[PDB]
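If you read the sequences in order, they're chains Y and X. Every number in the UniProt record's numbering is 2 more than the matching position in the first sequence, counting from 1. Every number in the UniProt record's numbering is 2 more than the matching position in the second sequence, counting from 1. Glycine is no exception: its CB is placed at the ideal position from the N, C-alpha and C atoms.
Number of protein chains: 2
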Amino acid sequence: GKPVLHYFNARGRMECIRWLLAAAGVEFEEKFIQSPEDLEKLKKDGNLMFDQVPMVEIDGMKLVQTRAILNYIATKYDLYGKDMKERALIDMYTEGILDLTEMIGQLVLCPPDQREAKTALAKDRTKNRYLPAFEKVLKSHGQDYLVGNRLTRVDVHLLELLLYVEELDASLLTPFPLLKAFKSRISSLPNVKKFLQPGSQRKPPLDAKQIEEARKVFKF
Amino acid sequence: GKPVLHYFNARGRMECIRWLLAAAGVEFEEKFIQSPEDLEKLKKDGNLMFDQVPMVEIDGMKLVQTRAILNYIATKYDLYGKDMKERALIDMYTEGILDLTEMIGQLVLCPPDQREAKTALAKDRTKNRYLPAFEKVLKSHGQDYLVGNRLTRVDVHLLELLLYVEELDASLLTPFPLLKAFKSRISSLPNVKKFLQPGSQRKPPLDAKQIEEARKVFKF
Ligand SMILES: N[C@@H](CCC(=O)N[C@@H](CS[C@H]1c2c(cc3ccc4cccc5ccc2c3c45)C(=O)C(=O)[C@@H]1O)C(=O)NCC(=O)O)C(=O)O
Ligand SMILES: N[C@@H](CCC(=O)N[C@@H](CS[C@H]1c2c(cc3ccc4cccc5ccc2c3c45)C(=O)C(=O)[C@@H]1O)C(=O)NCC(=O)O)C(=O)O
Numbered sequence: 003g004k005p006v007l008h009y010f011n012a013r014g015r016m017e018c019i020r021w022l023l024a025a026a027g028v029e030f031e032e033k034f035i036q037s038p039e040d041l042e043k044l045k046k047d048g049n050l051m052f053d054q055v056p057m058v059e060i061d062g063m064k065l066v067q068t069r070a071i072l073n074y075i076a077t078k079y080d081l082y083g084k085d086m087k088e089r090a091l092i093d094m095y096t097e098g099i100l101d102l103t104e105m106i107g108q109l110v111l112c113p114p115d116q117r118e119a120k121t122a123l124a125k126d127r128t129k130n131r132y133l134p135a136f137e138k139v140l141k142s143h144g145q146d147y148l149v150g151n152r153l154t155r156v157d158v159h160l161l162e163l164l165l166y167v168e169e170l171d172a173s174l175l176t177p178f179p180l181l182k183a184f185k186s187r188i189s190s191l192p193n194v195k196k197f198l199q200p201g202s203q204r205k206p207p208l209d210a211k212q213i214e215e216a217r218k219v220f221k222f
Numbered sequence: 003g004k005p006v007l008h009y010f011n012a013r014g015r016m017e018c019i020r021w022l023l024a025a026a027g028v029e030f031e032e033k034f035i036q037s038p039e040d041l042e043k044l045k046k047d048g049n050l051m052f053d054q055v056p057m058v059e060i061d062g063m064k065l066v067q068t069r070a071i072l073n074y075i076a077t078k079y080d081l082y083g084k085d086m087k088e089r090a091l092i093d094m095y096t097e098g099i100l101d102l103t104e105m106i107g108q109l110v111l112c113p114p115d116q117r118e119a120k121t122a123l124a125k126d127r128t129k130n131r132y133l134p135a136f137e138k139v140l141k142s143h144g145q146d147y148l149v150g151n152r153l154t155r156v157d158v159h160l161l162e163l164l165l166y167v168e169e170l171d172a173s174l175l176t177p178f179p180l181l182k183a184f185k186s187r188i189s190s191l192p193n194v195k196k197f198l199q200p201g202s203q204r205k206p207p208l209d210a211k212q213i214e215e216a217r218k219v220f221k222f
């Protein structure tokens, strides 16, 4: 009974879910939306509560909304900490990471005349707001993981973000030693290493031609 | 030990938290950000993990990120369902609600040559996507509450959204009978009725002048 992930063949909002399942060591299948018809069929068949994907078929549910899916999976595979206090830290950290991830992913979609400004802003937020915040969390307790001295969903989310930060501008990570060491450690975990290796279901960034052609194949 | 809510004197992202606390019957205090200096002092004194509000002081923590705060309060006051399956539904419904709430609140902040288009879109999403989805949930089980036949955080989030929908265009709710009956019932709950009464900490929509004022008073 493998979860089925319904999304376009791209990172988008589904990648964080792919990462979480991979880290949990859970095998999943994907049903790619390749044409407006595919998407229309999902809607008509009553499979999308709000007519949007990501949508994940898991445990008899056709679950939509990225956060709801992530929350369910983290709880199911014990990657959501042990109590509500720990969950408050995990949630607070996760939301910050999701905010930056969105800001960065949004760049390739910015009108040409606005993209240089949006990019400088994203880089500024990365080095002056977000990375310092997490470097600080690690420094605060000197432990290997962000929360509870054990692996949780947020360690996975942070690793993922660091990869995107490295893609944006690798020099952004230079001033953060604790984060650099964290990146190396999480990357070495068996399930993670497996997802980072070539041939996995991990998705690449989309280039200009691809983004442009997909915006036209659908309605973006 | 009343929780302390730090935000501007307006709805913003803090209103959903005010509503959740009020529905739980939990008294809270508010410390309004009235000047850039107020905000700067919060940041400098180490109160905001990502230099942003909402921020809520509760149980020895200074919690930021709207969803992290809501999740903690829901769990603390037993408004988060009874298990992970129920939480998946609560989470999926809540995310759809936050999505529409954002879309609607964002309108007063859209340029004079967009509000027009943005507003038609929002109204369309409301009547053709979101209201139908929830009308359908209620129809599916004929129960008084959205999930588990008992009050949860999402019944509160839905009531709040319905109020905003009614402010946008009262005719939007007309084609949805189950939602109209739901709105009346929830509004009759003692804690809810109390917050709906004049003089409560419930905040009003901000007008054009007020928006422009703050827009210049701060970096908005
Ligand atoms: N709050 C929800 C949000 C879910 C959501 O937004 N889903 C969208 C995905 S399209 C998503 C989107 C946009 C532009 C593009 C542009 C190029 C592109 C190339 C390859 C893959 C995608 C994938 C998504 C996507 C886009 C691409 C832009 O329009 C937006 O940013 C959209 O959010 C969708 O299903 N749209 C169908 C429709 O409404 O009928 C969640 O967290 O799950
Ligand atoms: N993901 C986080 C997001 C939290 C967040 O965004 N906080 C902002 C609130 S300002 C918020 C915002 C904007 C415009 C306006 C414009 C008019 C206005 C009038 C009266 C009250 C507010 C309150 C908020 C606000 C704005 C107003 C627009 O810029 C944006 O929409 C902003 O998100 C903040 O603290 N900014 C300080 C700064 O970065 O240093 C969460 O969910 O908690």
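Among the options, which one has its Cα closest to the Cα of residue i?
i             : options                                   : result
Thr128/X      : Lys64/X, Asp115/X, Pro38/X and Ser173/X   : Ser173/X
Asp171/Y      : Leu44/Y, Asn193/Y, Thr121/Y and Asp157/Y  : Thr121/Y
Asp157/Y      : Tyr166/Y, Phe136/Y, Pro177/Y and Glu169/Y : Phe136/Y
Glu17/Y       : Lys221/Y, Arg187/Y, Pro38/Y and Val55/Y   : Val55/Y
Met51/X       : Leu123/X, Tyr82/X, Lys43/X and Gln67/X    : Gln67/X
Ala12/X       : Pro206/X, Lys46/X, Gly27/X and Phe30/X    : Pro206/X
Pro5/Y        : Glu104/Y, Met57/Y and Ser189/Y            : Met57/Y
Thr176/Y      : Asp61/Y, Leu109/Y, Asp80/Y and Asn130/Y   : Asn130/Y
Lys185/X      : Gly201/X, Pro200/X and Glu168/X           : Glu168/X
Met94/X       : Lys64/X, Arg69/X, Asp115/X and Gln108/X   : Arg69/X
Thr103/Y      : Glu162/Y, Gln36/Y, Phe220/Y and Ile35/Y   : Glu162/Y
residue 2/Y   : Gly98/Y, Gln116/Y, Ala124/Y and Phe30/Y   : Since the first residue shown for chain Y is 3 and the last is 222, residue 2/Y is missing from the structure and cannot be characterised.
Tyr147/Y      : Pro113/Y, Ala183/Y and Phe178/Y           : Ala183/Y
residue 234/X : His8/X, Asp80/X and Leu100/X              : This structure cannot settle anything about residue 234/X, because the visible part of chain X is limited to 3 through 222.
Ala25/X       : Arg204/X, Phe34/X and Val149/X            : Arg204/X
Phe178/Y      : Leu140/Y, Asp101/Y and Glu214/Y           : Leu140/Y
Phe30/Y       : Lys195/Y, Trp21/Y, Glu97/Y and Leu111/Y   : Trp21/Y
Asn49/Y       : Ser37/Y, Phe34/Y, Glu39/Y and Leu65/Y     : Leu65/Y
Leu165/X      : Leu181/X, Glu42/X, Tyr82/X and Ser202/X   : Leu181/X
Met105/Y      : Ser37/Y, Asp53/Y and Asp126/Y             : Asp126/Y
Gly14/Y       : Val110/Y, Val149/Y, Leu198/Y and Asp85/Y  : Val110/Y
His159/Y      : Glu42/Y, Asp101/Y and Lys138/Y            : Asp101/Y
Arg117/X      : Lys221/X, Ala210/X and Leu72/X            : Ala210/X
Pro134/X      : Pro113/X, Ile99/X, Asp115/X and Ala90/X   : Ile99/X
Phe10/X       : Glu214/X, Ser37/X, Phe197/X and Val28/X   : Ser37/X
List the endpoints of the continuous alpha helix (DSSP H) containing residue i.
i             : result
residue 2/X   : For chain X, the structure presents residues 3 to 222; residue 2/X sits outside this window and is missing.
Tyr74/X       : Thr68 to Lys78
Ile213/Y      : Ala210 to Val219
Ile19/Y       : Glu17 to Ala25
residue 265/Y : Nothing about residue 265/Y can be reported from this structure: the residues present for chain Y run from 3 to 222 only.
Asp40/X       : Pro38 to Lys46
Under 7 Å Cβ-Cβ, which residues of chain X neighbour residue i?
i       : result
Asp93/Y : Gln67, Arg69, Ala70 and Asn73
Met57/Y : The premise fails here: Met57/Y is roughly 10 Å from chain X at the closest Cβ pair, so nothing lies under 7 Å.
I want to verify the contact list: residues of chain X whose CB lies under 9 Å from the CB of residue i, in sequence order.
i       : result
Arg89/Y : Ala70, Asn73, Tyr74 and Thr77
Output the boundary residues of the beta strand (DSSP E) element that contains residue i.
i       : result
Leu81/Y : Premise fails: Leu81/Y is in no beta strand (DSSP E) and is neither H nor E.
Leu7/X  : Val6 to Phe10
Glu29/Y : Run containing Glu29/Y: none; DSSP gives neither H nor E here.
Could you name the residues of chain X that residue i contacts, counting a contact when the two beta carbons are closer than 8 Å?
i       : result
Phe52/Y : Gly98, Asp101, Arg131, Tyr132 and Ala135
Run through chain Y and tell me which residues come within less than 9 Å of residue i, C-beta to C-beta.
i       : result
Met16/X : Residues of chain Y passing the Cβ test: none, with the nearest at roughly 15 Å.
What in chain Y is Cβ-close to residue i, meaning under 8 Å?
i       : result
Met86/X : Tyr74, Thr77 and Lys78
_Ranges of the alpha helix (DSSP H) found wholly within the UniProt domain "GST C-terminal" (85-208) of chain Y, counting only runs of at least 4_ = 86-108, 117-127, 133-143, 155-170, 179-190 and 192-198
_Contact residues within the segment 61-75 of chain Y, judged by C-beta distance below 7 Å to chain X_ = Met63, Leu65, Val66, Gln67, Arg69, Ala70, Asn73 and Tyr74
*Check each residue of the segment 126-146 of chain X: if its Cβ is closer than 8 Å to any Cβ of chain A, include it; give the result in chain order.*
This model lacks chain A altogether, as its protein chains are Y and X.
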